[PDB]
Amino acid sequence: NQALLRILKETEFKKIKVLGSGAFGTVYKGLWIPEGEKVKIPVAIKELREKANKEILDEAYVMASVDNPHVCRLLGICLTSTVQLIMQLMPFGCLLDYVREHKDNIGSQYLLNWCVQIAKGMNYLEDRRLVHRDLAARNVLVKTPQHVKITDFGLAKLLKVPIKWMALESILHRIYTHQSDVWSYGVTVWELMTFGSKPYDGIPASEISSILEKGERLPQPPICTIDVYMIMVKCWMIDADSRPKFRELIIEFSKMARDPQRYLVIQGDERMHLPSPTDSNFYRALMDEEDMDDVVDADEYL
Ligand SMILES: */C=C\C(=O)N1CCC[C@@H](n2nc(-c3ccc(Oc4ccccc4)cc3)c3c(N)ncnc32)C1
């Protein structure tokens, strides 16, 4: 579906501010102004650091074809000897920055729900027989605090390797599968549960395969019950086929979401809440009108 990707002229948009800079590229806050109109519409622009345009376009069409509440869809592209990718601007930013900023005051309901949502997005990709190759907290965007979407799908294929998120088989032989995606998902969950901690920090990348072969793993976060830690451990099993499936993960986390205090131990959690319906309705109307499955709420509390 070529209609899904908009080809943008340089004249119809402008980069206004740098939001972040990456090995993959630089991300800018931008404005689209549509031809013949007086409106300036905020957009996010990713300019890749630096394959012919035909190959790039062909990859781009697939990237534009992902349509799920929990995956970000590439909206537009401009090809000018630099590759510029256009998507919605998300004021909330990446999940990783968000958890660090809120590290004191994030509730168990949010964390479990984020786990469900990410799994839902990954599952959609698996169902489509597509592999992300770079799942990480940095690569999840926050639409609203209640709603998160996986981003940068297909970028890894298109283009400093994230060794510390990679499955052993990926590090060793660069084999990427839904099962390697599951491994990355586990690291991502660990990031959330540690409020933005950097996995294997201080361990050189060159040693990572060896420690994994030894069987060393990321440690259990203090907030996590063993039940949650075991799910991460299952994600990092050497035999890829043994690892959990995204469809299973959606169910497990959803179950946990029903009695959060059973599975995550957080100080003052009783004080921290998912939004009331009134608040949720307000957020959706203002900035999140797309259809999504309702957040899983505690059985006790509704
Ligand atoms: C934790 C991530 C981080 O540090 N960032 C730096 C600041 C910007 C932030 N960010 N990135 C995007 C973003 C992501 C992807 C794309 O383009 C795509 C889309 C789909 C597939 C491949 C490439 C563009 C922009 C942000 C957006 N969209 N809004 C707000 N912050 C974004 C990452």
Side-chain angles (χ1 to χ4, degrees), residues 70 95-96 99 103 106-123 125-126 131-132 135-137 139-140 148 150 162-172 176-201 203 208-244 246-267 269 272 295-300:
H70 302 110
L95 192 49
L96 177 72
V99 301
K103 120 182 148 78
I106 298 195
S108 70
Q109 302 190 94
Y110 279 87
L111 285 160
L112 293 170
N113 274 287
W114 290 340
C115 294
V116 172
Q117 288 175 25
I118 291 159
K120 278 180 159 166
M122 292 309 282
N123 185 240
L125 291 168
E126 183 176 349
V131 176
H132 194 286
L135 182 57
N139 287 348
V140 178
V148 300
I150 298 150
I163 275 165
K164 286 154 175 182
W165 284 258
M166 298 165 51
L168 182 55
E169 70 270 15
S170 305
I171 295 170
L172 302 185
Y176 301 94
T177 61
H178 314 302
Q179 296 310 89
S180 50
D181 273 356
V182 168
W183 177 304
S184 290
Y185 172 87
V187 179
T188 298
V189 165
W190 183 91
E191 282 182 276
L192 300 192
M193 301 306 168
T194 62
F195 306 108
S197 190
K198 301 173 44 156
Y200 310 101
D201 208 31
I203 291 18
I208 297 295
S209 62
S210 198
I211 83 83
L212 296 184
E213 270 163 8
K214 297 248 214 320
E216 325 187 354
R217 296 296 189 265
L218 289 162
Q220 174 178 4
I223 77 173
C224 299
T225 50
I226 196 90
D227 307 57
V228 184
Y229 184 55
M230 287 184 174
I231 297 175
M232 308 176 196
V233 172
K234 284 161 187 161
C235 288
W236 309 320
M237 292 193 295
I238 302 297
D239 170 29
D241 293 339
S242 87
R243 290 170 210 152
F246 280 120
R247 195 144 234 129
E248 302 173 339
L249 288 161
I250 291 164
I251 288 166
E252 295 214 22
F253 282 109
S254 301
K255 279 203 208 140
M256 293 183 170
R258 297 186 179 88
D259 196 357
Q261 295 191 36
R262 161 66 176 81
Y263 300 101
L264 297 183
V265 186
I266 287 162
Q267 200 174 313
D269 199 25
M272 291 161 244
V295 303
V296 186
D297 196 5
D299 266 355
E300 309 100 76

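When reading the values below, keep in mind they use all heavy atoms of this one structure, side chains included, and skip hydrogens, waters and symmetry mates. For the single chain, residues carry numbers from 1 onward in sequence order.
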Inter-residue atom distance [X].[atom1] - [Y].[atom2], 0.5 Å rounding:
{"X": "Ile251", "Y": "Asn123", "atom1": "CD1", "atom2": "CG", "value": "9.5 Å"}
{"X": "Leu172", "Y": "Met166", "atom1": "CG", "atom2": "CE", "value": "8.5 Å"}
{"X": "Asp239", "Y": "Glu169", "atom1": "CG", "atom2": "CD", "value": "9.0 Å"}
{"X": "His178", "Y": "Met122", "atom1": "NE2", "atom2": "CE", "value": "9.5 Å"}

Donor-acceptor pair, distance only, cut-off 3.5 Å: does the side chain of [X] make one with the backbone of [Y]?
{"X": "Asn113", "Y": "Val295", "result": "no"}
{"X": "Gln179", "Y": "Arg243", "result": "yes"}
{"X": "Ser184", "Y": "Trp165", "result": "yes"}
{"X": "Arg258", "Y": "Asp299", "result": "no"}
{"X": "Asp227", "Y": "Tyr263", "result": "no"}
{"X": "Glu191", "Y": "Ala137", "result": "yes"}
{"X": "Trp190", "Y": "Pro219", "result": "yes"}
{"X": "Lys164", "Y": "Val187", "result": "no"}

Do [X] and [Y] come close enough that some side-chain heavy atom pair is under 4.5 Å?
{"X": "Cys115", "Y": "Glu252", "answer": "no"}
{"X": "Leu125", "Y": "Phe246", "answer": "no"}
{"X": "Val296", "Y": "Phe253", "answer": "no"}
{"X": "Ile171", "Y": "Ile208", "answer": "yes"}
{"X": "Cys224", "Y": "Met232", "answer": "yes"}
{"X": "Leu111", "Y": "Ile266", "answer": "yes"}

> Do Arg262 and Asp259 meet the salt-bridge criterion of a basic N to acidic O distance under 4.0 Å?
Replying inline: no
>> Test side-chain contact (heavy atoms from CB on, under 4.5 Å) on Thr194 and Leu218; report intermediate values, then the result.
In response: CA-CA 11 Å; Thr194 62; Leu218 289 162; over 6 Å; no
How close do [X] and [Y] get, counting heavy atoms only, and between which atoms?
{"X": "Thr225", "Y": "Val265", "value": "CG2-CG2, 4.5 Å"}
{"X": "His70", "Y": "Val148", "value": "CD2-O, 3.1 Å"}
{"X": "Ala298", "Y": "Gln109", "value": "N-OE1, 3.7 Å"}
{"X": "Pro244", "Y": "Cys235", "value": "CD-N, 3.7 Å"}
{"X": "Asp269", "Y": "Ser108", "value": "OD2-OG, 2.6 Å"}
{"X": "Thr188", "Y": "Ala136", "value": "OG1-CA, 3.3 Å"}

> Which word best sums up how the rings of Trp183 and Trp236 line up, parallel for under 30°, tilted for 30 to 60°, or perpendicular for over 60°?
Replying inline: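 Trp183 vs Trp236 ring planes: tilted.
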>> So, applying side chain to side chain contact (heavy atoms under 4.5 Å, CB included) with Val140, which one of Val99, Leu192, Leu135, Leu96 is it?
In response: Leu135
>> Quick one, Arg217 with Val233, criterion side-chain contact (heavy atoms from CB on, under 4.5 Å). Give me CA distance, side-chain angles, the key distance, then yes/no.
In response: CA-CA 8 Å; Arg217 296 296 189 265; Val233 172; 5.6 Å; no
> Given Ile231 and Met256, is the side-chain contact (heavy atoms from CB on, under 4.5 Å) satisfied, shown in steps?
Replying inline: CA-CA 12 Å; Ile231 297 175; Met256 293 183 170; 3.7 Å; yes
> Do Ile106 and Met272 pass the side-chain contact (heavy atoms from CB on, under 4.5 Å) test, and can you show the C-alpha distance, the side-chain angles, and the key distance before you say yes or no?
Replying inline: CA-CA 7 Å; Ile106 298 195; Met272 291 161 244; 5.8 Å; no
